[PDB]
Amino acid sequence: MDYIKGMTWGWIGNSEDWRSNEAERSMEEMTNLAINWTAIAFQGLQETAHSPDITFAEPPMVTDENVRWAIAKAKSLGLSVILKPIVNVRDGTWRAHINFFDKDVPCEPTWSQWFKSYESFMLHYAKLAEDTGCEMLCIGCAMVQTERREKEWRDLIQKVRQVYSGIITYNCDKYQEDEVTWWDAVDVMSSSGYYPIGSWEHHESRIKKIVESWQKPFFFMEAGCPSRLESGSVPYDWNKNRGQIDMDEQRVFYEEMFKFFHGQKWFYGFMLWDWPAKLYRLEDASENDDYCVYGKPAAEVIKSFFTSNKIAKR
């Protein structure tokens, strides 16, 4: 299994953004992080957390051609690719709340309905990932309230294996590394490393014990922090202190994360969050509140970490 030096590209997955002349320049600029991987991330959509139907590849979401382009462009840039189709909820609910009754009842949509819709979604992109030679497929992201549906997840993974021959991971949410009973069904364990400033040493200890109990490769499928006042205390909170710029907060987050998670032989690195298809101008970086590190001191932390000899050795 490769050590991942990664940046996520393309989120939220807007066809008009991905087809702009600006998208190619954005992906080229991302290579200056000294990454060898990118996660091509884009959304699918369902109306509510309790509705069974997932829409994908319809305006304003990415076309299959947009996706083929992003994968081919990344690979042309010498990057290995994780394809990362993510379901979002149109009403704004966090996808971790997607959930149905344990008991099938005639008056409600069922797990079986939602899983059929999720299978259509994920198998569509699994076939794309096969056709385009994606090195890895991420079959879900922080789907916390679905994870107890163990038979349905294992049945989905078996269908994925029949159409996709690359590496499979599932991205569990922050704090959830020990809560997935079906890690054995994927190749590589992964989680969202949005752990607050001051907690990384504790989480390195906690996660090491989980990964050694499973004896499987682990890496962070997401990790990052907005360049905002006190974002480092809640790096996952994309709504905290919008417009309140703090470059140094984001830098401190990255320096601590890499102090504790580096070269350990059980650890396979970082897919960072994230890098837009339409990138702001360098001159606007110092006033930008995004997760993106472009033009910010955290980018230099990432570059020196990814080019350092201990990490270049993995």
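Residue indices: 1-based, along the sequence shown.
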**Request:** Take the C-alpha B-factors listed in the entry for 202-210 and for 167-175, compute each mean, and give the stretch with the larger one.
**Result:** 202-210
**Asked** Between 144-152 and 192-200, which has the larger average Cα B-factor in the PDB entry?
**Response** 192-200
**Asked** Among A74, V186, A129, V105, which residue carries the highest C-alpha B-factor recorded in the PDB entry?
**Response** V105
**Item:** Among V67, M27, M61, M247 - the residue whose C-alpha B-factor is largest in the record
**Value:** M247
**Prompt:** Looking at the C-alpha B-factor of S286, is it in the lowest, middle or highest third of its chain?
**Reply:** highest
**Fill in**
Of the three thirds of Cα B-factor ranks in this chain, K240 occupies the highest
**Request:** Looking at the entry's B-factor column for C-alpha atoms only, identify whether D17 ranks in the lowest, middle or highest third of its chain.
**Result:** middle
**Message:** Lowest, middle or highest third: which one holds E222 when the chain's residues are ordered by CA B-factor from the entry?
**Reply:** lowest
**Prompt:** Among the modelled residues of its chain, does the C-alpha B-factor of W266 lie in the lowest, middle or highest third?
**Reply:** highest
